[PDB]
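Asks: Next up is a structure, given as structure tokens.
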Amino acid sequence: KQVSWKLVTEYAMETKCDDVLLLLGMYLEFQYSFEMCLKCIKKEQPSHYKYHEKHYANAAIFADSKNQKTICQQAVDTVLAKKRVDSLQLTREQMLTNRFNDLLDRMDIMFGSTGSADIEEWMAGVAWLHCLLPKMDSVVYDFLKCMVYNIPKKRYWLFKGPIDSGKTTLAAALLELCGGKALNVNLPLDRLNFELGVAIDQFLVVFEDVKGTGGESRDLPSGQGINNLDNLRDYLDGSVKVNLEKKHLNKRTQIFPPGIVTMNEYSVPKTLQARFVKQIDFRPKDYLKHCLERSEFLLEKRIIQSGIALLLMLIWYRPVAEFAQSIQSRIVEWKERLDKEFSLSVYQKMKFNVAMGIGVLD
Amino acid sequence: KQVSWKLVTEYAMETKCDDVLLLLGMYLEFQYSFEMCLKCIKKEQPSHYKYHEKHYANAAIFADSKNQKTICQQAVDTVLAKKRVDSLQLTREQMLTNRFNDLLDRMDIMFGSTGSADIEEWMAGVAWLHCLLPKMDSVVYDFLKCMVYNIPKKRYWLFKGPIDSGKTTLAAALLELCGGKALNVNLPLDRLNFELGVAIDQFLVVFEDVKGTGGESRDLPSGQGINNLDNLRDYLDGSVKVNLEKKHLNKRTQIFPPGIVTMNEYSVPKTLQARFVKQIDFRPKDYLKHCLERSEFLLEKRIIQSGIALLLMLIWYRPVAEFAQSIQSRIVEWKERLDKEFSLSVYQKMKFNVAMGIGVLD
Amino acid sequence: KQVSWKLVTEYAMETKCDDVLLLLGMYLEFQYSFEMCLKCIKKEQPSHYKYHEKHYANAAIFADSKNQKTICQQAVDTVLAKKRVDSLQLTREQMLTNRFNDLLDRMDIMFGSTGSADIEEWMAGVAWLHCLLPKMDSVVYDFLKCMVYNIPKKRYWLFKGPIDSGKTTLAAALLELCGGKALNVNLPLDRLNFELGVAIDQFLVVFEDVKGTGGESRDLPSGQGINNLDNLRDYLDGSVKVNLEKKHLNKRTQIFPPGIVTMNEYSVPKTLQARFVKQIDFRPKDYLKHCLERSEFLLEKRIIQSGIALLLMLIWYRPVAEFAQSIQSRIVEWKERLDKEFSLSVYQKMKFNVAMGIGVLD
Amino acid sequence: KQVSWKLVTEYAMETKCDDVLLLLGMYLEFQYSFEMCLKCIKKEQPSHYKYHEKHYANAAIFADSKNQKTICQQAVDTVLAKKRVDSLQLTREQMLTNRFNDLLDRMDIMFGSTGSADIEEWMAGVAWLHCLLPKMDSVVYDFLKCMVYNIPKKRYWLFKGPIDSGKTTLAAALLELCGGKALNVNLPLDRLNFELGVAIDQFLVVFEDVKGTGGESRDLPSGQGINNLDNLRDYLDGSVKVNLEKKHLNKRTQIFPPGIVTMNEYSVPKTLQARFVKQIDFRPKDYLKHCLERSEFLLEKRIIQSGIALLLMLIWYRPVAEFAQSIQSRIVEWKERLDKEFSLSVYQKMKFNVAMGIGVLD
Amino acid sequence: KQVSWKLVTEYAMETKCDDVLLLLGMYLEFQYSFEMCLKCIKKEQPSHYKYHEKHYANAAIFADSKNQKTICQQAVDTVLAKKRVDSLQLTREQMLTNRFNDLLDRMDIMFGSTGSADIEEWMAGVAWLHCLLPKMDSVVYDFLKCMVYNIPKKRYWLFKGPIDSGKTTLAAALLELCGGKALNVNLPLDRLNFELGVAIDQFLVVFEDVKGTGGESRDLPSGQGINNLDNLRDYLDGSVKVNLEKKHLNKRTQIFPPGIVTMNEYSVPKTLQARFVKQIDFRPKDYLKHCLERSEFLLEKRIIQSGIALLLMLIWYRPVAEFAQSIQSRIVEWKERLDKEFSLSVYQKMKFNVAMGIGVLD
Ligand SMILES: Nc1ncnc2c1ncn2[C@@H]1O[C@H](COP(=O)(O)OP(=O)(O)OP(=O)(O)O)[C@@H](O)[C@H]1O
Ligand SMILES: Nc1ncnc2c1ncn2[C@@H]1O[C@H](COP(=O)(O)OP(=O)(O)OP(=O)(O)O)[C@@H](O)[C@H]1O
Ligand SMILES: Nc1ncnc2c1ncn2[C@@H]1O[C@H](COP(=O)(O)OP(=O)(O)OP(=O)(O)O)[C@@H](O)[C@H]1O
Ligand SMILES: Nc1ncnc2c1ncn2[C@@H]1O[C@H](COP(=O)(O)OP(=O)(O)OP(=O)(O)O)[C@@H](O)[C@H]1O
Ligand SMILES: Nc1ncnc2c1ncn2[C@@H]1O[C@H](COP(=O)(O)OP(=O)(O)OP(=O)(O)O)[C@@H](O)[C@H]1O
């Protein structure tokens, strides 16, 4: 019998796989007999053991085929086609709800019976994040609500401050909570066109550590980053559709997404200042360093920079009414789990431990 | 049986779709059973539920096909070919008539019983816009005339007020009324070839926020936009037919379209200044800002910016005789529908609120 | 039955069509029934209504086909091959005779009863053009004879003078009379290879708006242009074959065509000036301005730009015996028609109206 | 009969071969009759004599085939697909454990009776290396742990010092021990995008000899290398995923791997220094130089720069319990062999010979 | 019957022909009857007259075939695959032995019964070459050893001195002896990437006449070669594998080969001077110039350029025991032939003639 190109496409759609070689590689693993499959018996990775039994008969015939990459390319095109349909037609509030449902699905597995992490350590993460800025939950609620409402010329937030201040730490967490991509505009102007092509159909972008000019009085090395941005004003404004590049494509036309710009304390033009609706002054704090020096499980597990940590913070601090009505059911269950496995006295103690510069679990 | 490539091309033309992945993604939705289709039950997106039953049989066979992107590329080529044929053979009045018809069809959808907006909020839009310039209604009709008559040299309009003065606000609204593209002449002259190539077959160009030099005493930052335009004089003049580099292909030959140039108050070289038929001196108005600070639904819904708002202004103010003969059947229904929903005192009350800087609905 | 590729190729040849999306677009229009086609009844476009009845059968089978763009690419290459053979094997006098024959076919269609032009406005245009330069009729024949004779390094003419002087108007008219292309060598050496890549197999070239240096005391801005032309001497001399280049094709070695250079009062280096046969010293004339301010149909209809006005002038001022013996038959029918529809006193009145700077038709 | 593409794909995965021409050439060597094969009789290369008999019948039919390169491209893509699966799903400890197994398999071949290597020269290498820096086996273990844990912003080590200080020697041995790629960031910005794309799916990267500025007071020539690294800060930080590109590919998005930077005593910006967790200052030593003048075999055989030498140092110095549990059985077997063939006093005499700057084997 | 693709591949293997058009052209010449081929009867070209009679029957079916360039590309990729198997699996001693075998095969033809060359004139060349430097046969042997051992960093030789000193003459002779390529790193810093890509799988690389800066006090013009070479240090050192690229291929990772740098008397950085294991200063000398004015056959037949002359020099001067054991038996037969056809007094008279600046054969 022949290969079913449809059954491959189902696997690609269900695993949301948009890399041709990753799809090829995993579909090849299914060729071996399911009765003995060691990865299935060891339960190693979700995207194998769920699917092998359904796909085995087709994977065996796929392994003989002469067209293997042409099958996978069509299957990957289908996943990209789905994403472009969704990006035009869904409301941004529903896109965020779709993103949260995937993050809650991760949280089920990580803290599950087949779990691999401790919820007490991740809540220690929340306590460290709440110390970084005054009214941390208000800032994160403002950020979500801004990215959902997407008001013209009030679309970008500026994160400013000296070295090792936590601006990247917060940006990276927001960039996993919301789906998005990072962009580096410190490169020269003639490559900039392909670089900005990564924003195609993305919900959020982060421009990381934009180098300025006039840094020499502060010992900061100068560069063209700030000057490249001031050539891109209409990409920031979002009033008009802009023609985004891609390799092996024509220009493709859309509103370029909202985002975060991070920089050191350079000067900024008035023309560029008119685009940023909000500015966050990140401060180095000596006591926050002394905590991490004793509590390194946070960084080895990448806790304080993951989007799962901010979702746990929103589950703790915000009312249920500010989640969209469909996900309120799952959010309520998670509030009951955090009320079960902690107390307010432990959480108040954890914040005190961080502020004292001792170990959070002390 | 085989896929009908003809039926796919009918959907592509009926939905005016010229992106290959978008056509692919939407056509795959039709493979599911029509009797259960939740998107049809919700009547959510027009270009789904009008078509599913007509195309369902062909989508079941397309789902098994091994040629999916090959089919859709030819369907997209057919839509692109129609647009080129039109661009050579239609008169500019027919093009603008076909453009107004498309807008009017969207007005029927937005303000219907399946509607999503209130026509008062958009007539509030007309009241806000009419304050921005003296006699806005007549400046629009002069711009429309100029783009239809396309007289050599007498082709471009210059918008050159100070910062944050509404030049983008009017430019984006005129851009959607007529159809066109924004172009980035501030990017590098060795790739500007592939930027101007976006103007192939288009009706308007807007050259967004052209940077000059010599404004630095007034804090205006330097850039090369003005020097690039002063190299493109034959493109602006529109006497001769110029050569446009369509990406990955050899050049097209055509008259580069008319359009709007937006800039801050830099100096313009005398050689370039002659290319502009008329100039608009925008300014900040503090009362107009405070009106928006209260009437926030105007910004959130993009009401002050969409071409539907200028068309409602044209429907309200101008004599029916200024519109081409085939749309006069539609305009007069909308004139009756506008006089039905509004009194003149209410509209004067809107404009009075704008001049006082209070909310337009107050 | 099956698609016949010969029939598509014949349509492309007869319409002299060399763009693939344009050929695809028009041939698709023939798929509908001939008995009721509005386009065939309205007589809108010649290249439709002449051809639908012949091709209906093939266009119906073409709409079912899966190789549509493959057929059109071979058909366009047949038209491109024909231009290659002609430009290698014809004499330049026969090339110009072929070009005049094509323009007379337009004149038949324009002034025949299905057209829309008024010949009184075109002969007013002839009267207006003759005032732009002294002895204009001699100059056109001197330019034409130069392009037919093509003596080495005596191949280019220089159009020079103040801004707003009609040099582009006359150059664009002379271009349409001859054929040819415009090139903008103010675009950078970073891309200049593909710019001169437009001159392949052309009869005439216009280098538009060439920027010099050292014009600041005359308020002229500087640029690269004159240094690019003075780097391109091997192209302007035309003694030897030069390796012209266009993307996704090999270089083709040929003699680069002769042409017109348009510039303001920049300095021209002594090495470059030795490439020009003669210069024309344009300057503004006040009466020509006040004439166009009133005879405004000239600019709107582009009458002073079109080569049809220059050809109607050559019909008026030159002997029959300057034209080739194959075309003299048509020329005498047109010469009779201009006497039958005018008089000498009417033409004298038109020129005097231009000299008075009033409306030409008065 | 016909070619089995499955048998080629087995050989490609067996030999872990990812160059298409290399695979093609080696598989063609199997076409000749096995009964007489000179390379098999001579045992010259494992990847031949192990595999010829299994593959011969398929190679005989493959040698007739008209599609040979297409077959080999599918076989190579299957091997890149495997690596793409491993890099996303394995732990970094498993990756290193797998890599050590590959090196231990080479040691069995090198020091078998079929192999050419002499263990005394390779242990002479270990003695020399342990003199280059204090506590070398602690430094190596610390580095290996740092690469496994991959802690954000604590990922890169800086090797600094004079000319001929041994920093390249030690980096090359580490780079073989845990497989990675060397990158040249001294070339201009416009080629960096392709060059940085070599890091896709690699465990480790080394930036060799990055040129700075301000060296001229110390005879060191300036370059842009340090400025380029100061633009790439987010690649060094590794907090967020960056967009990496090959030629003729779309981008791959991943965390850019940990690494080593080697440089001479140019100044480092304070923004860049914060990315480096540990700096090693190398120094020239006369006894090491004079020793290498006498034990020339070390340099001819490339012993001091090979990862096998560092693995031998780890086997001799580190406890078994520091190695991963699944290879402790192999390490114990090698520890027994080393104590069987060396005393400590032989090795202490080797180190004394090195400190004396006489020949290691004296 | 059909084309045997295997027989075309055999011919490509036996002629080492790795150009697609050359293979196509030569194989097409076999289609004519071999009974009366004049190139065969005149024995004009070995790659023809040896092979025509075997391939005639296949060339007749090849001449009718429609896939001719597809057959040739597979045949050429088979030769390229053989080279890449060899460059990894052979020892560098075998590579040089294989190269010397190929030169000896030419020499037997050149000096055979169909020989166009005269061994007297070529040994006149050996006499001239041995005068260019002291102890030339030891310089040559020291070079060969250095290339065969390829010791890290001790890899490159520098040829330095005034114009017309013979440094290119010796580099070209050593390049034809070993095989390899010449690279011009004076070309711009971006084209440099594909220029260096020519080194893939090569044995030698020769960098020709690299420009320094700061020589205008001694009439030597500035350039960028020495600044570029100081950026390529990791390629010269050969400690690490480096990334090499060809157009429309991704990078090949290998140790960049050893060889020779030729330069006039510019100053060299300490950083680059540390890479060179030996420097030769060449001085212009009058007697060699006056000899060549009378010994003109040397330049015309390119005798002093040729690796055949250096091999003849090694056969004359060096012991047999220095050559590899498999080639030694051919070396003995060539030593006998030189002692037969030259006495010592003939050769010593030639060296006296060179010193006298008279004709070598005088
Ligand atoms: N506010 C803070 N005060 C002190 N230490 C901090 C703070 N925030 C983060 N850190 C420490 O500094 C490390 C780096 O933080 P991070 O990269 O987020 O800073 P950044 O200010 O965004 O840096 P950069 O300017 O280099 O982009 C963290 O891993 C943590 O150990
Ligand atoms: N005439 C005006 N007076 C005051 N505020 C204005 C005016 N026009 C627009 N606004 C406010 O300024 C915001 C930005 O308007 P807009 O982008 O059109 O200005 P611009 O002058 O074109 O900007 P830029 O200087 O950035 O090119 C609007 O969203 C509105 O809030
Ligand atoms: N000789 C003239 N005297 C006065 N007005 C003129 C003259 N020639 C042209 N014009 C006016 O100037 C407009 C522009 O003409 P055109 O583009 O041919 O001028 P040009 O001198 O070639 O231009 P440029 O200075 O940009 O090279 C015309 O449409 C007409 O209205
Ligand atoms: N510590 C040392 N002391 C003396 N000589 C050394 C030392 N280390 C290496 N060498 C010698 O110098 C040669 C080059 O070593 P290597 O290339 O590793 O040095 P490096 O300091 O990294 O060089 P560079 O500054 O040129 O990049 C070695 O082959 C060895 O002969
Ligand atoms: N040692 C020498 N003394 C004088 N003339 C020489 C010497 N060697 C070669 N010649 C003459 O100089 C000519 C050029 O030699 P060659 O090109 O090898 O010199 P070069 O020093 O490498 O030159 P350049 O500096 O131009 O690269 C030879 O063909 C020969 O005629």
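Each chain in the structure tokens gets a letter, A, B, ..., in the order shown, and its residues are numbered from 1; ligands are numbered from 1 in order too.
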Quick one: residues within 12 Å of residue C:340, only C-alpha atoms counted, chain neighbours fewer than 6 positions away excluded, as JSON, numbers by chain?
Replies: {"C": [119, 333, 334]}
Asks: Just N, CA, C and O atoms for this one: save the residues we selected as a PDB file, in the first residue's frame.
Replies:
ATOM      1  N   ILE C 119      -8.591  65.828 -33.687  1.00  0.00           N
ATOM      2  CA  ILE C 119      -7.356  66.189 -34.386  1.00  0.00           C
ATOM      3  C   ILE C 119      -7.027  67.676 -34.304  1.00  0.00           C
ATOM      4  O   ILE C 119      -5.864  68.057 -34.463  1.00  0.00           O
ATOM      5  N   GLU C 333      -1.831  59.362 -47.814  1.00  0.00           N
ATOM      6  CA  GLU C 333      -3.205  59.399 -47.313  1.00  0.00           C
ATOM      7  C   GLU C 333      -3.360  60.285 -46.082  1.00  0.00           C
ATOM      8  O   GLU C 333      -4.361  60.995 -45.947  1.00  0.00           O
ATOM      9  N   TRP C 334      -2.391  60.256 -45.173  1.00  0.00           N
ATOM     10  CA  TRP C 334      -2.436  61.163 -44.029  1.00  0.00           C
ATOM     11  C   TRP C 334      -2.180  62.617 -44.418  1.00  0.00           C
ATOM     12  O   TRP C 334      -2.853  63.518 -43.905  1.00  0.00           O
TER      13      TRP C 334
END
Asks: Return the neighbours of chain A among the residues of chain D, cut-off 8 Å, counting only C-alpha atoms, as a VMD selection string.
Replies: chain D and resid 5 to 6 74 77 to 78 80 to 82 84 to 85 89 149 to 152 189 to 190 231 233 to 234 239 to 242 250 269 to 271
Asks: If we count only C-alpha atoms, what is near residue C:133 at a cut-off of 9 Å, once residues fewer than 2 positions away on the same chain are taken out, given as a PyMOL selection string?
Replies: chain C and resi 129-131+135-136+139+280-282
Asks: Please identify every residue of chain C that has at least one atom no farther than 6 Å from an atom of ligand 3, counting only C-alpha atoms and all ligand atoms, and for each give the shortest atom pair and the distance in Å to one decimal, arranged by chain then increasing number, as CSV.
Replies:
residue,atom,partner,partner_atom_place_in_ligand_line,distance
C:132,CA,ligand 3,1 (N),5.6
C:163,CA,ligand 3,25 (O),3.1
C:164,CA,ligand 3,21 (O),3.6
C:165,CA,ligand 3,21 (O),3.0
C:166,CA,ligand 3,8 (N),3.1
C:167,CA,ligand 3,22 (O),3.6
C:168,CA,ligand 3,22 (O),3.4
C:169,CA,ligand 3,18 (O),3.5
C:283,CA,ligand 3,1 (N),5.8
C:284,CA,ligand 3,3 (N),3.5
C:285,CA,ligand 3,3 (N),4.0
C:286,CA,ligand 3,4 (C),5.8
C:288,CA,ligand 3,4 (C),5.2
C:289,CA,ligand 3,4 (C),4.5
Asks: Tell me, which residues of stretch 20-253 of chain B carry DSSP strand (DSSP E or B), written as a list in words?
Replies: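 Residues meeting the strand (DSSP E or B) criterion: residues 156, 157, 158, 159, 180, 181, 182, 183, 204, 205, 206, 207, 242, 243, 244, 252 and 253 of chain B.
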Asks: May I have the selected residues written with C-alpha atoms, as a short mmCIF file (atom, residue, chain, number, x, y, z; two decimals), in the first residue's frame?
Replies:
data_model
loop_
_atom_site.label_atom_id
_atom_site.label_comp_id
_atom_site.auth_asym_id
_atom_site.auth_seq_id
_atom_site.Cartn_x
_atom_site.Cartn_y
_atom_site.Cartn_z
CA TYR B 156 2.07 64.53 -5.57
CA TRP B 157 0.68 66.29 -2.47
CA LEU B 158 3.08 67.29 0.33
CA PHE B 159 2.17 66.95 4.06
CA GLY B 180 -2.39 52.08 -2.27
CA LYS B 181 0.81 51.35 -0.37
CA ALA B 182 3.20 52.97 2.07
CA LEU B 183 6.88 52.91 1.00
CA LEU B 204 -1.54 55.55 -4.62
CA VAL B 205 1.83 55.62 -2.96
CA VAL B 206 2.42 57.24 0.42
CA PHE B 207 6.10 57.92 1.12
CA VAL B 242 10.37 53.82 -15.27
CA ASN B 243 11.67 50.32 -14.49
CA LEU B 244 10.53 48.58 -11.29
CA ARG B 252 8.45 45.92 -15.03
CA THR B 253 8.02 49.16 -17.02
#
Asks: Just the helix (DSSP H, G or I) stuff from stretch 156-355 of chain B, please, per backbone DSSP, written as a ChimeraX atom specification.
Replies: /B:167-178,192-199,216-218,225-229,233-237,270-273,286-294,297-300,307-317,320-322,328-341,344-355
Asks: Give me the residues near residue E:99 as number ranges by chain, where near means some atom within 8 Å (using only C-alpha atoms) and where sequence neighbours in that chain fewer than 6 positions away do not count.
Replies: E: 177-179
Asks: Could those residues be written to a file, using N, CA and C atoms, as a tab-separated table (two decimals), in the first residue's frame?
Replies:
chain	number	residue	atom	x	y	z
E	177	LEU	N	54.20	21.18	-8.81
E	177	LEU	CA	54.74	19.94	-8.27
E	177	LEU	C	53.74	19.26	-7.33
E	178	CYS	N	53.27	19.98	-6.31
E	178	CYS	CA	52.39	19.38	-5.32
E	178	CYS	C	50.93	19.33	-5.76
E	179	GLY	N	50.50	20.26	-6.60
E	179	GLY	CA	49.08	20.47	-6.83
E	179	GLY	C	48.44	21.35	-5.78
Asks: What lies within 8 Å of residue E:61 using only C-alpha atoms, ignoring chain neighbours under 4 positions off, as a list in words?
Replies: residues 1, 2, 3, 57 and 65 of chain E
Asks: Take the residues from that selection and put them in a file with N, CA, C and O atoms, as a PDB file, in the first residue's frame.
Replies:
ATOM      1  N   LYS E   1      18.057  -0.458 -27.302  1.00  0.00           N
ATOM      2  CA  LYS E   1      19.218  -0.170 -26.466  1.00  0.00           C
ATOM      3  C   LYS E   1      19.165   1.252 -25.914  1.00  0.00           C
ATOM      4  O   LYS E   1      18.493   2.109 -26.478  1.00  0.00           O
ATOM      5  N   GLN E   2      19.873   1.500 -24.811  1.00  0.00           N
ATOM      6  CA  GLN E   2      19.878   2.809 -24.168  1.00  0.00           C
ATOM      7  C   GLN E   2      21.281   3.192 -23.713  1.00  0.00           C
ATOM      8  O   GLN E   2      22.182   2.357 -23.630  1.00  0.00           O
ATOM      9  N   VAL E   3      21.450   4.487 -23.429  1.00  0.00           N
ATOM     10  CA  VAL E   3      22.724   5.010 -22.940  1.00  0.00           C
ATOM     11  C   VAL E   3      23.144   4.284 -21.675  1.00  0.00           C
ATOM     12  O   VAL E   3      22.364   4.154 -20.726  1.00  0.00           O
ATOM     13  N   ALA E  57      30.382   2.888 -29.529  1.00  0.00           N
ATOM     14  CA  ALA E  57      29.006   2.395 -29.574  1.00  0.00           C
ATOM     15  C   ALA E  57      28.091   3.131 -28.603  1.00  0.00           C
ATOM     16  O   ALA E  57      26.924   3.391 -28.914  1.00  0.00           O
ATOM     17  N   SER E  65      20.602  11.085 -27.246  1.00  0.00           N
ATOM     18  CA  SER E  65      19.891  11.200 -25.978  1.00  0.00           C
ATOM     19  C   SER E  65      19.427  12.627 -25.691  1.00  0.00           C
ATOM     20  O   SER E  65      19.969  13.610 -26.197  1.00  0.00           O
TER      21      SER E  65
END
